[PDB]
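Quick setup: one chain, the form deposited in one PDB entry, written in structure tokens, and binding and motion questions come after.
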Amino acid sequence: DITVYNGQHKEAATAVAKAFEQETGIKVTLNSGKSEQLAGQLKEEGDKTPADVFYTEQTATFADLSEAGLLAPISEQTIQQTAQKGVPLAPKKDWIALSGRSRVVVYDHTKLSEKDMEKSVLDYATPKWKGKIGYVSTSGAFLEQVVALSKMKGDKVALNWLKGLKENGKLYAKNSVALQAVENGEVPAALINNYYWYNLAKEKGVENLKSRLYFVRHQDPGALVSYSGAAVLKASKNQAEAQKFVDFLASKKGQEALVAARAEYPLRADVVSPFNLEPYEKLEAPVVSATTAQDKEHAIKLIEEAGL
């Protein structure tokens, strides 16, 4: 039996854990919480942690743990299974990307059409969108968006964007809350990840949603796709089963289990999401290097400088 610290959405972890149990008869116990609270906890517990695996929304979250030598190496063969365009690889082979989540602009299509959308994510952080664009400054992918802007456009551009959001944007606590604000008609548009929308559309039926997705494309920083992944803890006693689980998550069956439950992009070439996602290739996502521990701190610094 294994214990998985879970910084992913509960629906995601439950789905993959259930599938793994059916497949192997190995029981999975989830410890769910905020990604950075769990990351902090794993560092504190160190070699005494009861965690066998850490599953989370953003591979960026693994950076500190890897530097602290807390993660166990994964088979290179497993890593190669999910290595697609734009996917980051762990330099120490001690974590693995598993699913893609695209940055998107969700908008109220009863109020706006694609003709009203911006060609660049930079264009939303302006007086034109004063009180009309939702953003989530505490979101993991939001932080990744900031890193990508810094890397792609430089710090001045990234800083002015953030200042533009502080002045013109409507702050929401979570992506889920932002999406609902658009559906409820409290804001015409918001910057979130793609899966929230497809999952809502499955529940309620697209015809009953006001919101639709806009993809900026053309390798714009707002076309960023970031990745969720998993790592095995070096401290794990259950190494056999922990590695088996992470392996499983990269397998055709483990990937199929995730995409059935959650509208994230599979990273295996032989798996098709039942959600009818905008084809990865049509996204025209830019490629960005992996977020280092230092990249992370730097982006947090810009957020603070901007007054967020």
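Throughout, we count residues from 1 along the sequence that is shown.
J.: Higher average CA B factor in the deposited record is what I'm after, so tell me if that's 173-181 or 139-147.
T.: The stretch with the larger mean CA B-factor is 173-181.
J.: Higher mean Cα B-factor in the deposited model: 75-83 or 208-216?
T.: The entry gives the higher C-alpha B-factor average to 208-216.
J.: Quick one: which of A13, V288, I300, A285 has the biggest Cα B-factor according to the entry?
T.: Across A13, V288, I300, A285, the entry lists the biggest C-alpha B-factor for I300.
J.: Hey, out of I192, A235, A223, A231, whose CA B-factor is highest in the deposited coordinates?
T.: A235 has the highest C-alpha B-factor of those listed.
J.: State the tercile, meaning the lowest, middle or highest third, of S120 with respect to the CA B-factors recorded for its chain.
T.: Middle third, going by the recorded CA B-factors of the chain.
J.: Looking at the C-alpha B-factor of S66, is it in the lowest, middle or highest third of its chain?
T.: According to the entry, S66 has a C-alpha B-factor in the chain's middle third.
J.: Which third, lowest, middle or highest, does the C-alpha temperature factor of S273 belong to within its own chain?
T.: For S273, the deposited C-alpha B-factor lands in the highest third.
J.: Lowest, middle or highest third: where is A51 by C-alpha B factor in its chain?
T.: Tercile = middle for this residue's CA B-factor.
J.: Test of reading the entry: by CA B factor among the chain's modelled residues, which third contains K34?
T.: CA B-factor rank for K34: highest third.
Although not depicted, the form deposited in another entry is the subject of the following passage.
J.: With respect to the change between this form and the one not shown, which of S226, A39, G134, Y124 is the hinge point between rigid parts?
T.: Of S226, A39, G134, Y124, the hinge residue is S226.
J.: What happens to the Cα distance from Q37 to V177 in the other entry: does it get closer or farther than here, with a change of 3 angstroms or more?
T.: Relative to this form, farther apart in the other entry.
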